[PDB]
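Two forms of a single protein chain come next, each set out by itself as structure tokens; they are called structure 1 and structure 2.
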Structure 1
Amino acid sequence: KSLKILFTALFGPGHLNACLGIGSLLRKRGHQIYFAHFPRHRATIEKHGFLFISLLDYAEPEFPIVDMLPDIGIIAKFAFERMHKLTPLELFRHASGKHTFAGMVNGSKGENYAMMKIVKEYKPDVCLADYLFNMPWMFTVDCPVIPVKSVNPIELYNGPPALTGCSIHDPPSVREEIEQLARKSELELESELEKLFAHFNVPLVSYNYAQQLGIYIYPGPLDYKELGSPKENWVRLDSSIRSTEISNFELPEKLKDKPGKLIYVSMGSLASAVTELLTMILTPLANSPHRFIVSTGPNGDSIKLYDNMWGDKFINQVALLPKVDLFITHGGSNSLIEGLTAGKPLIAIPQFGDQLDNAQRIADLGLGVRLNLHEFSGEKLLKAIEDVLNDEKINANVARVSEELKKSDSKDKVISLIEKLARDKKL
């Protein structure tokens, strides 16, 4: 019996990519999938066979909605200046009580009204939402609503606070100060959401509450088993990667007959807007005796490439990763999971948000290194490349994690819970 299932997510290509994976799994089981998102993503959504609903067609006139992705460079460039000039402690100091994603909350009202009308009109059996924080509509719609989480899930446990990138080796003394500042900023977020929920007359809930079922995507071998069990109603899916239409990534002729290993570079869908960041990374790599393929980002046509490099604004990462020896990443979750699935070690240069946590996780479990912008130099990057390429131990740890991901059954249990909740309205 067919269910009607509606997905939505924030503007981030990463959050949408997460849900596409889930939707694919459900479409095979015979369900009708709908996706409410922005027009940039109509092509990939319909290509996967999901029905596309534009949020913009359902805006309230007084509360308009905007795809943030093309305007994101203002915000990205600020974060970059800050991250480049300050340690993560100093960053949290000079952040007053500001949470990393509070200004996002004020302007969420448009998306909220939209989702109310869309759920009313399409009368779905269940909804799923990949969002950074819960939203009033998820508690006003007739059907149940499953938050999906693709960011680092350390926030689902009682442990190091999220978004700080604390290590498991961090002594008692150095974490103490960061957790105070982070407890504080979590309270600023709670107060921002109160206004949002107040506006729609909905009892405030915790920012990452799962009423009945929550799904977080993250590799089981990287999950935080040492902190105990995740929060309630929260289930894990080890990975959620969409299938690629391309299967063979042909290498560019520019790089044929050039020495060394093949290395992929991407600072993601969002931070790659900052040309200063890419320039800072690539300039030293000109002298690295390897071949680089580079995602250059939306402003990539104004980024200089050297003889050992080839790139374009957007690359088929899932098709390419199998062919590389190393992946220099920003520590985004989807890139982390695609990278590990393909069996490749990582050098993570974290830019914002959950990336600090993922970066530290990669370092703590010996899956690569963490190299921060503040302590960044050509000499250090070039040496991290040589070190990770030649570290037998790291290369074996990554093979093991890969093997677990490629055979995981986490999907089977998750699907059941979705179907069950959709039909019974209870777990």
Structure 2
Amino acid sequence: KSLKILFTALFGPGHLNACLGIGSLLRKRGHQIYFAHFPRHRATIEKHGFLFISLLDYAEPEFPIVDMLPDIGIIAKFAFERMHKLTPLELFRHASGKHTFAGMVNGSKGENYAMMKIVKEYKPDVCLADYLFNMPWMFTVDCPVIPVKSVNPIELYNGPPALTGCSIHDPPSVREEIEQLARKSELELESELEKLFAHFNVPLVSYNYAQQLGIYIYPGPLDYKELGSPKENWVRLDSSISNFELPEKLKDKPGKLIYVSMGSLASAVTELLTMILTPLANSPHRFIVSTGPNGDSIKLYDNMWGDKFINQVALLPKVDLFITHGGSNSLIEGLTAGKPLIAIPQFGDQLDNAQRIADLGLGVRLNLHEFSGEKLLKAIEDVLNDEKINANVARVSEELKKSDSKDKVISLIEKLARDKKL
């Protein structure tokens, strides 16, 4: 029999790709797939055969949602300046109790009211939501609700705090301070969540509590098995996820083929791509560059080719290296295709992804704070001729191909939708 399945996710970006991915698996099984989101992403959602519902059309009049949406361009421009200037520890000191995304919590009241009305009218059999924190609607609606996590999942364990970029090699004494700062700002998030939940008259829960089922997307071979098991009811999905013609300009240029992409959001800060691409001019290699929304004003040299948006998943099998911001989706796409990574983390959970790449010998972390031409060129030389990095990367690529976590997770989704229990 057929299920009505409702997806939602935060405004943006990055929280749709995993939802769209689970979405497709479920569509193939003959389920009616709804997606409550924003007009701005209606095309991507409808192109996957899903039914679009504008969150904005189900707003309560006091909370029209658009008033309270974050200026995530402003936050990213600010994040770049601070990440250029500051060590991780200085970043957490200069934040001064302010949490990476707790400012977004008070703002989410309108989204909560809309999801409340949308579930009530459309009566889904199950909801899935990719948020940075749990919302009260997820515990009031008359169907089961599955939190979907695409961020680095270190937050699902009783280990070092998320957002720190802690290495497994970092001795306790070295991380003590940054982790105190990280736990302090975690309590500002609990404190904001307490207010959001009290407003809706809903018993407070942890921001990443899963009542019945939670799905985190992360490769098994990167998952934090050294920290034991994730929080109650969280299940791992290893990955959610045409052709590519190589540019004429890079034909008959020396070296291997390197993809550069700092993601849609950090790329909008032109200074970021300019300080990466400037030294790569004299790197004896060919670069395809995702130049971002303001890519028109990015200087590309004779050894590079760029477009604002690239078919990343089609490109990746062809390259020998990926210079990434360390977003979870870029990491998994990269590893699926068996390509090593240079991670230059820009924000939040990317610090954890960057350090996971380096710790597991999948590539290198190169922070904006310690960044130089010479260091980027040497990292490129090192990762391209490190036989052990290639072997670890090939190992993850095979595991990601060989997964039945897709079948297991679909089944748990369907079972939960049907029985209202697992």
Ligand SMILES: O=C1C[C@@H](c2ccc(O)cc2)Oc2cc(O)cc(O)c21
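Quick note, the numbers are simply positions in structure 1, starting from 1. Only the largest set of C-alpha atoms that superpose within 1.5 Å between the two forms is called the rigid core.
Self-check item: Of structures 1 and 2, the form solved without the named molecule
Solution: Pick structure 2; the other is not the form solved without the named molecule.
Quiz item: Superposing on the core, which single option in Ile72, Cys143, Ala79, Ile315 has a CA shift of 2 Å or more between structures 1 and 2?
Solution: It is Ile72.
Quiz prompt | Rigid core superposed, the C-alpha shift at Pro252 between structures 1 and 2 in Å | solution = The shift comes out to 1.2 Å.
Quiz item: Relative to the superposed core, what is the Cα shift for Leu367 between structures 1 and 2, in Å?
Solution: A shift of 0.3 Å at the C-alpha.
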